[PDB]
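Worksheet: one structure, shown below.
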Amino acid sequence: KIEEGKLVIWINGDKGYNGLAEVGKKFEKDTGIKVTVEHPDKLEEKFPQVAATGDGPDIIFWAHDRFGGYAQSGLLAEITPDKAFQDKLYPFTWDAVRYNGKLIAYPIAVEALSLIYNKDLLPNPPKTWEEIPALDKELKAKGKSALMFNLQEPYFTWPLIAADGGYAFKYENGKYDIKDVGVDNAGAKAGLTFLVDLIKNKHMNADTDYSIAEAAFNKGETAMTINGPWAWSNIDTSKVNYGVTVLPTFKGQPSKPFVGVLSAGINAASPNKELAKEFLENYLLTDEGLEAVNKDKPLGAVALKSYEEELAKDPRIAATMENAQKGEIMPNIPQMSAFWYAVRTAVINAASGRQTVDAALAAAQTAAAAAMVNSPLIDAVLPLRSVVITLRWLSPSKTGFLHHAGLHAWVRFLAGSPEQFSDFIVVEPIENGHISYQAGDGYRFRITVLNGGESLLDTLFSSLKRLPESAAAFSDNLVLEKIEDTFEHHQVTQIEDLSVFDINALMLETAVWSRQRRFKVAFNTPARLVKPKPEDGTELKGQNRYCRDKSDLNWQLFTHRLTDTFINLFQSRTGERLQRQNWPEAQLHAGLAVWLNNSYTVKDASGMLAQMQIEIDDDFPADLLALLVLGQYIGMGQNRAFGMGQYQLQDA
Ligand SMILES: OC[C@H]1O[C@H](O[C@H]2[C@H](O)[C@@H](O)[C@@H](O)O[C@@H]2CO)[C@H](O)[C@@H](O)[C@@H]1O
């Protein structure tokens, strides 16, 4: 949980976090409240992961475009500055942090990309993108290059894509039309194609990221870069004579950067809300606070009127606002994360040659418009990680006798014998039944790790790597051959190498089953689904407690048990037990249903195998369909952590 009496702050590593820490040291001097300023990697994705369960920082610093989604998920508290304080900051910056009428963050600064160029290598910067290829040939003759900027984040490529007609969502009548995405019109195609032709003609490198581009410019190797005001600090250090100017035009149109408002949100689960307000209103959002941060890494055009009226005299800040005006302030709607994931994939795939520009942007238009999912039940379990582990026997042995219960206890032991094992790890063995193995034979099983289970996965990796010594069937007669990433189907050695099944992958998969409205639900391993509680007060006993006939299965029973699983996972993570709503009605017809008996001299292994046809409405809630899709990867019913209750969605 978040510790009361102190303040923990998250801000991106490219920002002036040391400056921010000095503002925190002054706060601690005046109130005794310790202020810890951290800068995690991928924090815009890390915040929902930890905040969904009640952890994370007291204050989060990011551009405003992520905050509507945070607010929609109930991660942010409503800030309450009086009218006197609101007048100190620009009204349009307050607009950027408003969501459904409520202010959800304190605006800090307005960030916009500008063209940064080496005045010594390039006295007159190019006014148009079309000049850059010709310019690069001349510079390559001196062993230099024209332009290098981060091609891994669509933030940096969007000004070009938007120049000739690209847009995120059409805005009319106070509303963004999610179904009207503009990443796939003639102008977006022209912009990305020009980017790809730069790479194809050796004027840029598809691999270029933020570090490579910053290093090249600051070491005098490239004449131009594209970055924001935070980057200026490192350039002053490198003693490059640089300037900040307007972005080049494309087809006569100016480049249109998506402008962000760096904002500070207050975690909804923070017990230090009043302290957070005092730090932000009375210490950071003052002339001396922002200056301490600006001195470390320049903020840009700050939202505080009194300070910005002095900074605007800086020609670099003026250029920042010039590019900003030629662009647009980002929407803060929850769909922005769907947009940025779509365009990130589009630009990487097009630039790497994997997809054509037309195909890459066609998929991005579909992806950007996919129905969001902001469920607390889902944010608690995502992201998933999964591995298939291959062992080799060191002497003969028998498996299947305990019906994979020994494997479970063994993996639990190898994970540190932790508390709440079943709430974070699912153990799915290969369904062989009874097998006798010889020395040298392989043994394979899959384990899926839910959000909050990395340390368990780390202990597991170490134990496996130290077999057979680790163990002290499934004893110290096994050795690790390899660990494969279930989702990439290739080998890994450290946890950091593992891919994730995250919210964006789930939204894309859910959309597939949204459009195909009829589909089948089939159990791979038997399910132990308890029958509904008799309404006359009596309790069911014995094997009569569980569903086993076609007549026992219906749409409400199935979705109740599925949701029970998610509620339990949520409860054990947070302590709260959410109230269980009923799903909208749908057609569910059980085609096949039979009960398997798997008792061994204990009946835990027995369960029901079933196939169900589903039909859903056009307007069926996506965040519920998403529970159905996610349930494929975590299983439902009793003993789901032993691999029971595994189902998969198939087409009819
Ligand atoms: O590239 C997608 C990414 O763009 C923006 O992130 C910016 C951020 O606004 C700046 O403060 C700075 O850190 O550069 C980031 C790009 O790496 C959006 O704010 C973000 O939502 C989006 O995913």
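All Cβ positions, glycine included, derive from the backbone under ideal geometry; neighbour counts span all protein chains shown. What is reported rests on the model, the rules as stated and the sources as named; no laboratory read-out is quoted.
Of everything in segment 43-69, what is within 11 Å of the ligand (Cβ to nearest atom), among the small types (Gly, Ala, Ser) and outside any helix (DSSP H, G or I)? Give them in sequence order. If the condition is that a residue be within 11 Å of the ligand (Cβ to nearest atom), among the small types (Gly, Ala, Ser) and outside any helix (DSSP H, G or I), then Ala63 is the only one that fits.
Residues in segment 568-593 that are hydrophobic (A, V, I, L, M, F, W, C) and either within 23 Å of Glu615 (Cβ to Cβ) or buried (at least 17 other Cβ atoms within 10 Å of the Cβ) (or both): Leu569, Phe570, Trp583, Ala586, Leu588, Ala590, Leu592, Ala593.
Checked against the criterion of being part of a loop (DSSP other than H, G, I, E, B), hydrophobic (A, V, I, L, M, F, W, C), in contact with a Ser or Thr (Cβ under 9 Å, 6 or more places away or on another chain) and assigned by TED's automatic domain parsing to the domain that holds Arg517, segment 593-609 contains one or more residues that satisfy it. Could we say that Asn332 is within 16 Å of the ligand (Cβ to nearest atom), crowded, with 21+ Cβ neighbours inside 10 Å and of a type outside the set (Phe, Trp, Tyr) here? In short, yes.
Checking the structure you have, find out if any residue of segment 146-153 is closer than 23 Å to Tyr210 by Cβ, assigned by TED's automatic domain parsing to the domain that holds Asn234 and away from the ligand (no atom under 16 Å from the Cβ). Checked against the condition, which is being closer than 23 Å to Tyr210 by Cβ, assigned by TED's automatic domain parsing to the domain that holds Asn234 and away from the ligand (no atom under 16 Å from the Cβ), segment 146-153 yields at least one hit.
Taking into account only those residues within segment 154-167 that are not small (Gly, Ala, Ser) and not in a helix (DSSP H, G or I), which is nearest to the ligand (Cβ to nearest atom)? Looking at the filtered set, the residue picked out is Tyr167.
Tallying residues that are of a type outside the set (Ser, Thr, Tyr) and either outside the structural domain of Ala405 (by TED's automatic domain parsing) or closer than 10 Å to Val388 by Cβ (or both) within segment 475-486 yields 4.
Of all residues in segment 475-501, those satisfying the criterion of being hydrophobic (A, V, I, L, M, F, W, C), within 21 Å of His408 (Cβ to Cβ) and touching a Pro at 6+ places or on another chain (Cβ under 9 Å) are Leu478, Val479. Of the residues making up segment 100-124, those that are surrounded by fewer than 21 Cβ atoms within 10 Å (Cβ to Cβ) and not acidic (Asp, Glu) number 9. Checking each residue in segment 269-322 for being buried (at least 16 other Cβ atoms within 10 Å of the Cβ) and in a loop (DSSP other than H, G, I, E, B) picks out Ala269, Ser270, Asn272, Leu285, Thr286, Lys297, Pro298, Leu299, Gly300, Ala303. Checked against (1) out of contact with any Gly (no Cβ under 6 Å at 6 or more places or on another chain); (2) more than 26 Å from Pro248 (Cβ to Cβ); (3) aliphatic (A, V, I, L, M); (4) within 16 Å of the ligand (Cβ to nearest atom), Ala77 meets all criteria but (4). Scanning segment 339-397 for residues that are in a helix (DSSP H, G or I), away from the ligand (no atom under 16 Å from the Cβ), surrounded by fewer than 21 Cβ atoms within 10 Å (Cβ to Cβ) and of a type in the set (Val, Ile, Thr) yields a single hit, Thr366.
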